[PDB]
Structures are given as C-alpha cells and as structure tokens.
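Below is one structure, written out as structure tokens, with a few remarks after it.
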Amino acid sequence: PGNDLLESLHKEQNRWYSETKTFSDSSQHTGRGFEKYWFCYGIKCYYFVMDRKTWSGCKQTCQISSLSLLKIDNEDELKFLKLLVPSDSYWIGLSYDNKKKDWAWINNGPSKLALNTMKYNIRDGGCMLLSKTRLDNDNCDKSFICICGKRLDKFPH
Amino acid sequence: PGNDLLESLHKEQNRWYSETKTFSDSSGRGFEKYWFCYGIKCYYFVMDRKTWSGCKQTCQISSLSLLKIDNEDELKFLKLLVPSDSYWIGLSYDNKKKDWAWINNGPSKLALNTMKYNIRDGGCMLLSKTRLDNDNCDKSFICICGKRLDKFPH
C-alpha cells in the first residue's frame, strides 16, 4: 500500500483540476478574468486563485470570496497538501505582524502544527509559502498562486 | 510497506470521524453518522446497519444516493481510508438485464469484474475491505451515501 495512494492522489488530482477549472472574474478588479480551481479533502475545501498575485492580494481575494487564506491545521493536512498539489508555490495565511512579533495564521486562528520559527530567517521574506518540498518564507510581495481555505461545517447539500 | 503515509491516512480518518459525528465524546454509547469529502464528492456513513434497499432509501430521503464509485482511484483510497467493516456500495443485480449495475444507468469507469461473483452469494455489492464483495440484499450493513457536488461548497 505505498504508492497505490500516490499513483492515485496524483491522478485524482489532475482529474479534479479539469472538472473544476474555471476562468471567471472577481467582483474585486471586476470584469478582469482569472483561472482558478478547487477540491476538498476531509472537512476542508481548497480554492486556488491562479492569477499569480502577492501575499496581500491573496489575503484579500480570499476574504472577498468569503474564505480566508489557507490555515494549515496539523502535520497530516500539511502532509496531504504537499502530495496533491502541483509542483509550485502558493501563499497561505502564515506570516508576521506587528505586536505579536511572531508568525500568526491570518487570524490568530489555531493550528496544531510544529514549524518551529527559528527555521526561518526573516531577512528572507515576511510571508509563508508552500512547495511540494516543505514550507518556506519569501517577500510578502512577490507573486504566487494563492490558496484559499474553507472549513465545511455541515454536509454540503 | 507500512508507511508514514498510510499511517497518516489513519490519523486523518479519526479526525474527520471525530469532527463530524454528533456527540460531545464525553469519556456513554451512540449510533450515529460521520462524513468527509474527497475531490468533488462527500461521503455520509450511516451507522445503523440496514438492508441494501433500506440503504438505497436512507440516501434518497436525504437527497443523497447509495454510493456509486466513479473509478479505480476513488476506490484505492476509500479502500485504504475506510476502516475494514462492510459497507453497502450502491452497485447491485439489475431489475431485469443479467448483470450487476450501478444504481441508475451507470456511468462508471469502474469496470466490474462480473464473471467472478456468484449470485448464489447475493445481489448487492458491498465494500467489505478486500475488494467489493456481494452478500444478501438484506444482510443489514453500514450504509455510505454520496454526493457529487457541482459547485464550490456555498
């Protein structure tokens, strides 16, 4: 049972992409379209906004669509995310702001997740991305695909 | 193998069940439900075991539908995600046509191995852990109702 999941993960992935693939506009920068896609896993769904944009654009786009930019909940969600995501980087709700002088998830929301701060040289960025390889830091202002983030709370439909 | 990842599939199954079942789990007893999603589909497990056809019904009166498996992959996962019980998959023996079928036409790329099940054994397929396996449309089981969702969960 190792790769039978991979084999599949990967595939179910390219699969949900093309079923959910849309070029639509956001009624913020209105009639200008951008490509985006989604899929769910567990109690969370993930919506990717593929017009590369920056950590603050990402953050606001997620809020205008009624979501909020990815909080990762535990190492297992982290672990799944890195596996079904294409090969890339993406903004999530992890960064620095100012009284607390530490990273917070875009709301002072909770994760049960290790990280360990001292793995990241601030002088290196103030915003958290993903790769397939782990989490890293970059400048809140260069441009990447964002993932928004919704925690289902009742069973859709 | 035996894997960190299988292992994580298993923690993840406990969090979801824990998130969605119905009781404050105050360490009495209970017989309820849980669910989770996968791709563009959620899975509602109903715990009161029940007739196949009594499973057909629940899924209906819930505007769900006893699970249809769109394909090999969704199966290698549910196979490995789900714990080993036996659950009513919504594939059976067709009112008429001399073959097993998917509750309501079939579009499935699940390509049924057909000439390996014994009707002698039952006309209702289930997922029982090893693969699918048929028993008796009224051995009473865990139902799995699904939904294809068409839009982002509003």
Side-chain angles (χ1 to χ4, degrees), chain A residues 9-73 77-78 80-97 104-109 125-132 135-157, chain B residues 36-42 63 70 146-154:
Chain A
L9 275 13
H10 303 107
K11 307 190 53 262
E12 281 273 76
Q13 203 279 156
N14 320 259
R15 187 140 40 204
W16 309 327
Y17 176 69
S18 8
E19 322 152 331
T20 59
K21 225 270 338 184
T22 275
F23 194 52
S24 61
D25 66 328
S26 203
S27 44
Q28 294 271 74
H29 224 112
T30 192
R32 187 182 165 242
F34 78 98
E35 195 88 325
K36 61 194 214 171
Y37 99 80
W38 66 268
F39 67 66
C40 307
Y41 186 91
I43 42 340
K44 285 259 267 344
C45 306
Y46 301 98
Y47 176 80
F48 310 69
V49 171
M50 317 247 285
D51 164 12
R52 284 148 324 245
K53 219 224 230 19
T54 60
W55 192 83
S56 170
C58 281
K59 183 231 218 77
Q60 308 276 327
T61 295
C62 285
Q63 302 188 205
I64 109 228
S65 320
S66 282
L67 302 179
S68 168
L69 228 189
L70 201 50
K71 52 320 219 67
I72 305 199
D73 302 340
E77 170 169 33
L78 176 61
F80 281 95
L81 265 13
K82 310 208 248 277
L83 296 292
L84 40 233
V85 162
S87 348
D88 211 307
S89 296
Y90 312 78
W91 277 151
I92 74 263
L94 198 55
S95 83
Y96 204 114
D97 183 286
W105 279 96
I106 164 294
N107 209 29
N108 266 207
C127 276
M128 274 303 316
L129 301 155
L130 276 103
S131 179
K132 283 223 153 295
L135 302 198
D136 213 4
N137 62 251
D138 213 331
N139 297 319
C140 299
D141 97 354
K142 64 203 268 52
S143 255
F144 290 121
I145 275 173
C146 338
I147 319 185
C148 308
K150 143 99 161 139
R151 347 163 164 276
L152 294 191
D153 85 74
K154 298 173 172 6
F155 172 101
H157 143 321
Chain B
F36 64 81
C37 322
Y38 177 78
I40 69 195
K41 275 188 86 206
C42 310
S63 345
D70 315 88
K147 176 60 182 101
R148 208 187 331 293
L149 334 121
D150 54 323
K151 87 177 153 184
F152 184 75
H154 232 197

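Side chains included, hydrogens not; waters and symmetry mates left out as well; all remaining heavy atoms used. Proteins get letters first, then strands, A, B, ... in listed order; numbering begins at 1 in each.
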Would you please classify the geometry between the A:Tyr17 ring and the A:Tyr37 ring as parallel, tilted or perpendicular, with 30° and 60° separating the classes?
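Answer is perpendicular, since the angle exceeds 60°.
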Would a 4.5 Å heavy-atom cut-off, applied to side chains only, mark [X] and [Y] as touching?
| X | Y | result |
| --- | --- | --- |
| A:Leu81 | A:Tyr46 | yes |
| A:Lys71 | A:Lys44 | yes |
| A:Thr20 | A:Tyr47 | no |
| A:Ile64 | A:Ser26 | yes |
| A:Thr22 | A:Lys36 | yes |
| A:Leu84 | A:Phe39 | yes |

What pairs with A:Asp51 under side chain to side chain donor-acceptor pair (under 3.5 Å), at least two apart in sequence or on another chain?
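A:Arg32.
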Using side-chain contact (heavy atoms from CB on, under 4.5 Å), reason through A:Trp105 and A:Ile72 one step at a time and then give a plain yes or no.
CA-CA 8 Å; A:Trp105 279 96; A:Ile72 305 199; 3.7 Å; yes
Just wondering, more than 12 heavy atoms not from A:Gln28 lying within 6.0 Å of its CD?
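Atom CD in A:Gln28 is not crowded, with 12 or fewer foreign heavy atoms closer than 6.0 Å.
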What do you reckon, is CZ of A:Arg15 surrounded by more than 12 foreign heavy atoms closer than 6.0 Å?
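Atom CZ in A:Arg15 is packed in, count exceeds 12.
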Nearest-0.5 Å distance that lies between atom [atom1] in [X] and atom [atom2] in [Y]:
| X | Y | atom1 | atom2 | value |
| --- | --- | --- | --- | --- |
| A:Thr61 | A:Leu69 | OG1 | CG | 8.0 Å |
| A:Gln60 | A:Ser68 | CD | OG | 10.5 Å |
| A:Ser131 | A:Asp136 | OG | CG | 9.0 Å |

Tabulate below the donor-acceptor pairs under 3.5 Å that side-chain atoms of residues 139-157 of chain A make, not counting sequence neighbours, or state none.
{"residue": "A:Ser143", "atom": "OG", "partner": "A:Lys53", "partner atom": "O", "Å": "3.4"}

What is the minimum heavy-atom distance between A:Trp38 and B:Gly39, and which atoms define it?
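Answer, listing the atom of A:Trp38 first, then B:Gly39: CZ3-O, 4.3 Å.
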Checking side chain to side chain contact (heavy atoms under 4.5 Å, CB included) against A:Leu135, which of A:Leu78, A:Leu94, A:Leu129 comes through?
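Going through A:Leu78, A:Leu94, A:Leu129 one by one, the side chain to side chain contact (heavy atoms under 4.5 Å, CB included) with A:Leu135 is satisfied by A:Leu78 alone.
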